[PDB]
Amino acid sequence: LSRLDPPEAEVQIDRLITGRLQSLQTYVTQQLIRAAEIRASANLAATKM
Amino acid sequence: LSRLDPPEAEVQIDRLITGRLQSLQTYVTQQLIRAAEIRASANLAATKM
Amino acid sequence: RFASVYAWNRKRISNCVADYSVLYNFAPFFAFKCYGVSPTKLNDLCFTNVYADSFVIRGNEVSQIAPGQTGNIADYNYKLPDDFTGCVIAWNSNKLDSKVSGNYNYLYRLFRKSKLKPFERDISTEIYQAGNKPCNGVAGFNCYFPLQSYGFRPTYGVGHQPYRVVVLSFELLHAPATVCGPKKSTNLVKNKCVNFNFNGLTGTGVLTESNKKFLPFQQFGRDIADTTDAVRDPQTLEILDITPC
Amino acid sequence: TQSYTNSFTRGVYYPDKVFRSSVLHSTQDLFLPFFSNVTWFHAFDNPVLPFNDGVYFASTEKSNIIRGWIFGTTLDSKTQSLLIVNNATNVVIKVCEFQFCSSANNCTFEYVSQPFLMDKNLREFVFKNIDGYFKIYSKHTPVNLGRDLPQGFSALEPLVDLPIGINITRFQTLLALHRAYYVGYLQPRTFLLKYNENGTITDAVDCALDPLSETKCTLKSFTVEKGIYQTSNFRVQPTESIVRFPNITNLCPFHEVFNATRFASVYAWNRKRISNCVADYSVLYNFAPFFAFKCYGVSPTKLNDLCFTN
Amino acid sequence: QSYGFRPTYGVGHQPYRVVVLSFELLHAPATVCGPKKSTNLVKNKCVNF
Amino acid sequence: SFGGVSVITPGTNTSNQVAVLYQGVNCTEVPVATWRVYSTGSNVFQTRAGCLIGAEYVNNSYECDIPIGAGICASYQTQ
Amino acid sequence: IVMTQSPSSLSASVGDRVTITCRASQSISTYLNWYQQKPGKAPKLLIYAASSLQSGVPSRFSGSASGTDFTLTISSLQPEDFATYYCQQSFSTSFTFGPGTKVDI
Amino acid sequence: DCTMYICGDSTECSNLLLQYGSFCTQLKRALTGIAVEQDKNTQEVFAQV
Amino acid sequence: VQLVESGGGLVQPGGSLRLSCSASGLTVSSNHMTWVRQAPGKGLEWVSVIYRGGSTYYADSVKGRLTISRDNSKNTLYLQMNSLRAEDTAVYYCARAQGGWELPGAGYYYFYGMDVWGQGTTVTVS
Ligand SMILES: *[C@@H]1O[C@H](CO)[C@@H](O[C@@H]2O[C@H](CO)[C@@H](O)[C@H](O)[C@H]2NC(C)=O)[C@H](O)[C@H]1NC(C)=O
Ligand SMILES: *[C@@H]1O[C@H](CO)[C@@H](O[C@@H]2O[C@H](CO)[C@@H](O)[C@H](O)[C@H]2NC(C)=O)[C@H](O)[C@H]1NC(C)=O
Ligand SMILES: *[C@@H]1O[C@H](CO)[C@@H](O)[C@H](O)[C@H]1NC(C)=O
Ligand SMILES: *[C@@H]1O[C@H](CO)[C@@H](O)[C@H](O)[C@H]1NC(C)=O
Ligand SMILES: *[C@@H]1O[C@H](CO)[C@@H](O)[C@H](O)[C@H]1NC(C)=O
Ligand SMILES: *[C@@H]1O[C@H](CO)[C@@H](O)[C@H](O)[C@H]1NC(C)=O
Ligand SMILES: *[C@@H]1O[C@H](CO)[C@@H](O)[C@H](O)[C@H]1NC(C)=O
Ligand SMILES: *[C@@H]1O[C@H](CO)[C@@H](O)[C@H](O)[C@H]1NC(C)=O
Ligand SMILES: *[C@@H]1O[C@H](CO)[C@@H](O)[C@H](O)[C@H]1NC(C)=O
Ligand SMILES: *[C@@H]1O[C@H](CO)[C@@H](O)[C@H](O)[C@H]1NC(C)=O
């Protein structure tokens, strides 16, 4: 921000934004599968109890 | 590589790299779900045995 | 008579505080366009060291100052690493610098074997060996000097008359700081969410006193995700801990 | 007596001027490989050693016969040469040309500061030169073992990073005439560090020595349990190069298109087809100066090596 | 559109000469090649070709 | 020729000797062209999964400790 | 490392001295050798370490070194001394040879 | 093998790929986990005696 | 003390050759030896060297083609030449070097000079 004016800073900001979004999506994508596995284990535990 | 110098070869290399990464992610994304289904089937088989 | 396009003189500037308003107080610029950083915010920045490379070129040579336009004079004289933090100035003061017959004191080396590395100043004078003859000093066929004589006539148009150009080069390093822009340093506060501009580390947070060691060479703190969690005071040499609001 | 002695685990230093509290960093820089060999120079003496990438000058004498070093490329009146010399209570550095310490005519460079010999005893000095700089790191430690490097751990801290901008290829030791050391070379490697609590390096591991070190470098840890952990890959490297451009050798003219008069108007332009030849574009440079050699398709440098249909 | 050229003119009125090339980068037919020393052929060992 | 390598080790607490498995190179075909100081030998053994360097081959049979592949295991027994 | 000899062509007569010299690029201390190549048969070694003798020939041959410039001296250029002369550096593993020096009547 | 699939042998492609952070490690970890689970699945189905 | 060479001949391009340098009074077990190639009227050029320890270091140009090898006693070393590019047609000599130690992290530097030379053998390519 304190190196360039917006007109050619927008490209860098956009590159960083898309990279961060791509990195963030995978976290929830993995979390959903892990939660499904844990839910299966919890159902088995409830049945055993 | 033997057509252009790096300064304007970087854009092509980056385009190919991001395309290949995007194509590669889907493979493991589908593999995880298929493995989960196979694991459910294996648990059912173990219970039957 | 700064220097020729080859054998350019290099000036190192450091240990000062300088303003770029003075360069506006100068002759009109042939091309103030420059590559590295926006000229507006140059007045407020801190630097490790700066360099000045001043010399003379032709009009047909003013278009290849950028790293990607090499081929005519940048081929064997001056090359850039294509990153080139900082930027250039041109002010074509050749008007009161010329000769009726020609300026013979300015030379460029075109008879060189191959491309040179960026930031290179070759000074050796050897006979050019373009051909299949064992040159020993005859200076005839297949034997050429590594120089190209030329003259400057003031009646010429653009592209033949001389021009003058100076090139800067920055580093934007963090640890060593010798050149900083002119700003009124303000009193230090703490224990309240404020904006801080320590040498350019623009940020917001609360500053407290820390028990870090910070050996004399060390002056920054770092951790995961490149967050500066500590900083050494530029003036009183006191270490401070930064915490988000 | 240039006998060889083991260097054990010694030669690491702080790579960056920042503070890290408790991490396991992974750098990549010039270092001294672990468990290497170094050449003792017990002393006709003072060989003119090469300077490849760096030097690890280590000394263990107390009488301070060892003055500063001499660094150069030609070590004559044609090229500049460093003249590091330790005073009684000062340090002196010169850069510009010398003949034999006696001319020092062209140029002058100077820098003074506190001595390097304040303080059996052991001293280390790492010399590196990159991007027109000169980095030296030192650290003094006391041992009494004798003429052998201790099997301990001690990092180094920077002293000065003065910029010079000179080729350096030859290295010589200088001693006082009226009134012994080890040399080892540096190579590019990858290390893993152990900043403990105060930026004090207490351990380090080299990532190219043994398979166990490779595994310890893959996953960032100093302890590994039973497993079949994977590591990097291997691939056979090529040996020779072969190029087979076609049989034909005739050179198409490619020139009448260039030197002629009244080619054509901008409309009704003449079209010339060139094929069935081998031609070079160097002859194009042997021509009148170009108004605009800037062009769109391919880089002009590699045009000389390409094959085309027409 | 008739016009004339006078040598006393400046840039933009005096004539200029330009030549234009055009390639195809095709693979099957090859008639024009750069000058390089063809080397001997080797085989049964990892090499650059 | 190309491939990957794997390191078979017991815990660093117990010892430091390791063995190296090359992924499907059929050993003698191209075992070795620094890190390759392992004698290019010392009981090189061949299995269905690759080339194993640094381990013997006992005719006995025990319980699996470190799986390898194709019905082969490894351990750190004392002679 | 590149060395050049000067002069390349030597023309003198009997009872004279040689003043051919070898010019290096980097510093090679005093490690340089002077070789005599007969016109066809085989090379011969005269001066090693830039100042010593192999003891094959009498004191007519000598070698002087100054900085990184080396010079050869022959007391009497007798008629049997007519061949090619070479200067070779030995400071490094990769030896290098000079272009060559011609001796003429 | 991510670094060989995305880039064949060129080193500058690898240099560009290192600018994308740790994306290869996640894929390698996921694939290794899948492989270990597949090896374990066929054990409790049969190895009951 | 003398050493002589053998094994030359006229060989078509892309062939194989095996030159032999046999010595009488110089043991090959512990010595430094080297090969020097002279093209017709073009000067000399070192091409290969083997040390006492047993390591090798070829020149930059002839790399990956030539191979020097030493015989266990019998005082006759062998230089094998692979595919040729019609440039190696020249006269080959074998010689012995004085000595120099083994600074680790680098090669061998301090050498004195060759002492004994053979007559050499001519190798030609058609
Ligand atoms: C060693 O230090 C002494 C001073 O401690 C140096 O002597 C001074 O040198 C400066 C620079 O030329 C002079 O201006 C002073 O007048 C000198 N003072 C005295 C008392 O001599 C000396 O030059 C230093 N020498 C070296 C080799 O470092
Ligand atoms: C980091 O610094 C602290 C503070 O200096 C070190 O803690 C000291 O440890 C020594 C060892 O016995 C004690 O004598 C001191 O009293 C401690 N300082 C205190 C308690 O303020 C700590 O050891 C350092 N970390 C290292 C060296 O890894
Ligand atoms: C280091 O020196 C010892 C002692 O001679 C020697 O046995 C060993 O092989 C040397 N190591 C290397 C890597 O040269
Ligand atoms: C510096 O070197 C140049 C080039 O040799 C020489 O002409 C000049 O006289 C030197 N300056 C001196 C000796 O002050
Ligand atoms: C330093 O050496 C390199 C290679 O030897 C050379 O290309 C370069 O020009 C030298 N530096 C200067 C300033 O001449
Ligand atoms: C062209 O082919 C002929 C026949 O194979 C061959 O004799 C000739 O050497 C070839 N020309 C070149 C330049 O390779
Ligand atoms: C061919 O080109 C040259 C330039 O190198 C020129 O001097 C010559 O006049 C041209 N040929 C004709 C017939 O004009
Ligand atoms: C290492 O092994 C020893 C003996 O087997 C044991 O006493 C010790 O606790 C082990 N270390 C750890 C960290 O478990
Ligand atoms: C390895 O190669 C040898 C020789 O070609 C062959 O006999 C053997 O069967 C091969 N091994 C495998 C597992 O293919
Ligand atoms: C060990 O196993 C091998 C495998 O074929 C066999 O040939 C050999 O006879 C066995 N030896 C003993 C002592 O069991």
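Every number here is computed from the coordinates shown, using simple stated rules; none is lab data. For neighbour counting, all protein chains shown are included, and Cβ atoms are generated from backbone atoms with ideal geometry for every residue, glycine included.
If the rule is a partner Cβ under 4.7 Å, which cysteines in the protein assembly as shown fail it?
When partners are defined as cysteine Cβ atoms under 4.7 Å apart, the protein assembly as shown leaves C:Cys16, D:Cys101, D:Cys295, E:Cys46 without one.
Assuming a ≥ b ≥ c are the square roots of the Cα gyration tensor eigenvalues, decide whether the protein assembly as shown counts as rounded (a/c under 1.5), prolate (otherwise, with a/b larger than b/c) or oblate. Mind showing how you got there, number by number?
Numbers: a/c = 1.32, a/b = 1.13, b/c = 1.17.
It is rounded, given that a/c, with a ≥ b ≥ c, falls under 1.5.
Let me check I've understood the local charge: for D:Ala260, count other residues with C-beta under 15 angstrom from its C-beta, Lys and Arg +1, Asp and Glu -1. What total comes out? Before the final figure, lay out the partial values.
On the way: positive: D:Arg262, D:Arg271, D:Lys272, E:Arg17; negative: D:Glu256.
With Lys, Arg at +1 and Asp, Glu at -1, the net is +3.
Taking each residue in C:161-170, count the Cβ atoms of any other chain within 10 Å of its Cβ, then average. What number comes out? Could the numbers behind the result be given before it?
On the way: counts 0, 0, 0, 0, 0, 0, 0, 0, 0, 0.
Mean inter-chain Cβ contacts per residue within 10 Å come to 0.
Once amide H atoms are built 1.01 Å from N in the peptide plane, which residues 5 or more positions from C:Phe47, or in another chain, come under 5 Å H to H?
When sequence neighbours closer than 5 places are left aside, the close amide H contacts are C:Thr178, C:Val179, C:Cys180.
For segment C:168-182, take each phi angle, set θ = phi - 60°, evaluate the Karplus expression 6.51 cos²θ - 1.76 cosθ + 1.60, and give the result in whole Hz per residue in order, putting x for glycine and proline.
Per residue, the Karplus-derived 3J(HN,Hα) values read 9, 7, 10, 9, 6, 6, 9, 5, x, 9, 10, 10, 9, x, x Hz.
What is the spin-label model distance, in nm, from D:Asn121 to C:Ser114 if the labels are put 7 Å beyond Cα along the C-beta direction?
5.0
Of all trypsin sites (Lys or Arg not before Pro) in segment C:178-229, which ones are in loop regions per DSSP and have a Cβ with at most 15 other Cβ atoms within 10 Å? Can you show the working numbers first?
Details: sites: C:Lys183, C:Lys184, C:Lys190, C:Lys192, C:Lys212, C:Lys213, C:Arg222; in loops: C:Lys183, C:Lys184, C:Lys190, C:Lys192, C:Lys212, C:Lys213, C:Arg222.
Those satisfying the criteria are C:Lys183, C:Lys184, C:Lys190, C:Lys192, C:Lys213.
Could you tell me whether segment C:1-63 comes out rounded, prolate or oblate from its Cα gyration tensor? Rule is a ≥ b ≥ c as square roots of the eigenvalues, rounded for a/c under 1.5, then prolate if a/b exceeds b/c, otherwise oblate. Spell out each step's value before the answer.
Working: a/c = 2.00, a/b = 1.37, b/c = 1.46.
Taking the square roots of the gyration eigenvalues as a ≥ b ≥ c, segment C:1-63 is oblate.
To make sure I understand, if each residue's beta carbon is the centre and we count other beta carbons within 10 Å, what order do I:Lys63, E:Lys43 fall in, fewest to most?
E:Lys43, I:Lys63
In whole angstrom, note down how far apart the Cα centers of segment D:1-49 and segment C:205-234 are.
A separation of 29 Å, based on Cα centres.
Under the definition of Cα pairs under 8 Å and six or more residues apart, what whole-number percent is the relative contact order of segment I:3-125?
Values: 272 pairs, mean separation 41.0, N = 123.
With pairs under 8 Å counted, the relative contact order is 33 percent.
Provide the net charge surrounding B:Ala9, with neighbours chosen by a C-beta distance below 15 Å and charges set as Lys +1, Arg +1, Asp -1, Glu -1. Spell out each step's value before the answer.
Numbers: positive: B:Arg3, B:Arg15, D:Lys302; negative: B:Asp5, B:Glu8, B:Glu10, B:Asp14, C:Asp82, H:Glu12.
Residues near B:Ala9 contribute -3 overall.
From the phi angles alone, apply the Karplus equation (6.51, -1.76, 1.60; θ = phi - 60°) to segment I:49-66 and give each ³J(HN,Hα) in whole Hz, x where the residue is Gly or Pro.
My calculation for segment I:49-66 gives 8, 10, 9, 5, x, x, 7, 9, 7, 8, 5, 5, 5, 8, 10, x, 10, 7 Hz in order.
Given 5 Å bins starting at zero, what is the percent of C-alpha pairs of segment G:4-103 in each, up to the one with the largest pair distance?
2, 13, 26, 28, 20, 8, 3, 0
So if I take the alpha carbon set of segment D:180-292, get Rg, then get Rh from the Kirkwood formula, what is the Rg over Rh ratio?
Working: Rg = 31.8 Å, Rh = 22.7 Å.
When Rh is taken as the Kirkwood radius, the ratio is 1.40.
Need one value for D:300-309: mean number of C-beta atoms belonging to other chains within 10 Å of its residues' C-beta atoms. Spell out each step's value before the answer.
Details: counts 2, 4, 6, 3, 3, 5, 7, 10, 10, 10.
So the per-residue partner count for this stretch is 6.
Of I:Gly113, I:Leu79, I:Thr34, which is farthest towards the positive pole of segment I:3-125's charge dipole, taken about the Cα centre with +1 and -1 on the beta-carbons of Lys, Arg and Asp, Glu respectively?
I:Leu79
If you take every residue apart from G:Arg23 with its C-beta less than 14 Å away from the C-beta of G:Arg23, what net charge results, scoring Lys and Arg +1 and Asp and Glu -1? Show your work: numbers first, answer last.
Values: positive: D:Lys78; negative: C:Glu126, D:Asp76, G:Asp69.
Taking every other residue near G:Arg23 into account, the sum is -2.
Please give the Cα centre distance for segment I:1-72 versus segment G:8-53, rounded to the nearest Å.
Rounded to whole Å, the Cα centres lie 25 Å apart.
From the residues G:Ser51, G:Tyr85, G:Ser25, which one has its Cα farthest along the dipole of segment G:4-103 in the positive direction, the dipole being from +1 and -1 charges on Cβ of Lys/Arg and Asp/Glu about the Cα centre?
The Cα lying farthest towards the positive end belongs to G:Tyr85.
Per DSSP H run of n ≥ 4, the term is -39500 (n - 2.57); total these for the protein assembly as shown, divide by its residue number, and report the mean residue ellipticity at 222 nm rounded to 500 deg cm²/dmol. Don't skip to the answer; put the middle values down first.
Values: 8 runs with 135 residues, N = 1061.
Dividing the helical sum by the residues of the protein assembly as shown leaves -4500 deg cm²/dmol.
What distance in nm separates the two pseudo spin-label positions at D:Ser63 and D:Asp161, each 7 Å out from Cα along the beta-carbon direction?
Distance between the two pseudo-spin positions: 3.9 nm.
Rounded to the nearest 0.05, what FRET efficiency do D:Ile130 and I:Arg85 have when you use their Cβ-Cβ distance and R0 = 51 Å?
It comes out at approximately 0.85.
What ³J(HN,Hα) values, in whole Hz, does the Karplus curve 6.51 cos²θ - 1.76 cosθ + 1.60 give for segment C:3-16 when θ = phi - 60°, with x put for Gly and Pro?
Coupling constants for segment C:3-16: 5, 6, 5, 8, 6, 5, 7, 10, 10, 9, 10, 6, 6, 7 Hz.
Place a point 7 Å from Cα of B:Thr47 in the direction of its Cβ. Which residues in segment A:18-49 have their backbone N less than 19 Å from it?
Counting only backbone N, you get A:36-49.
Roughly how many debye, to the nearest 20, is the charge dipole of segment I:3-125 about its Cα centre, given +1 on each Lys and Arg Cβ, -1 on each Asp and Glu Cβ, and no other charges? Could the numbers behind the result be given before it?
On the way: 10 positive and 8 negative charges, 34 e Å.
Dipole size: approximately 160 debye.
Between segment D:258-310 and segment C:53-124, what's the alpha-carbon centroid distance in Å?
First find each Cα centre; the distance between them is then 27 Å.
Rounded to the nearest 20 debye, what is the charge dipole size of chain C about its Cα centre when +1 sits on each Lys and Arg Cβ and -1 on each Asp and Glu Cβ? Intermediate values should be presented prior to the final figure.
Values: 27 positive and 19 negative charges, 177 e Å.
Dipole size: approximately 840 debye.
Given charges of +1 on the Cβ of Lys and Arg and -1 on the Cβ of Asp and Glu, with all other atoms neutral, how large is the dipole of chain D about its Cα centre, in debye to the nearest 20? Before the final figure, lay out each step's value.
Values: 28 positive and 24 negative charges, 135 e Å.
Charge dipole, chain D, about its Cα centre: 640 debye, nearest 20.
Starting from the Cα of H:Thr32, step 7 Å along the direction of its Cβ; do the same at C:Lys133; then give the gap between the two resulting points in nm.
6.8
Provide the packing ranking of D:180-186, F:64-70, i.e. peptides ordered by the mean count of other C-beta atoms within 10 Å per residue, highest first.
Details: D:180-186: 19.9, F:64-70: 13.6.
Those peptides, ordered most packed to least, come out D:180-186, F:64-70.
Rank-order D:293-299, I:28-34, C:52-58 by packing density, defined as the average count of other C-beta atoms within 10 Å over each peptide's residues, highest first. Write out the running numbers ahead of the final one.
On the way: D:293-299: 11.4, I:28-34: 17.0, C:52-58: 19.6.
Highest to lowest by the protection proxy: C:52-58, I:28-34, D:293-299.
Can you give the mean number of other chain Cβ atoms that lie within 10 Å of the Cβ atoms in peptide B:26-38? Provide the component values of the computation, followed by the final result.
Working: counts 0, 2, 7, 5, 0, 3, 9, 2, 1, 8, 6, 0, 4.
For this peptide, the per-residue mean of nearby foreign Cβ atoms is 4.
Could you rank the peptides A:9-15, D:161-167, A:43-49, C:161-167 by their average count of other C-beta atoms within 10 Å per residue, with the highest value first?
Working: A:9-15: 11.0, D:161-167: 14.4, A:43-49: 8.0, C:161-167: 19.7.
Averaged packing, sorted descending, gives the order C:161-167, D:161-167, A:9-15, A:43-49.
Going by the alpha-carbon gyration tensor, a ≥ b ≥ c the square roots of its eigenvalues, is segment F:1-72 rounded (a/c under 1.5) or, if a/c is not under 1.5, prolate (a/b greater than b/c) versus oblate? Write out the running numbers ahead of the final one.
Values: a/c = 1.74, a/b = 1.25, b/c = 1.39.
Since a/c reaches 1.5 but b/c is at least a/b, the shape of segment F:1-72 is classed as oblate.
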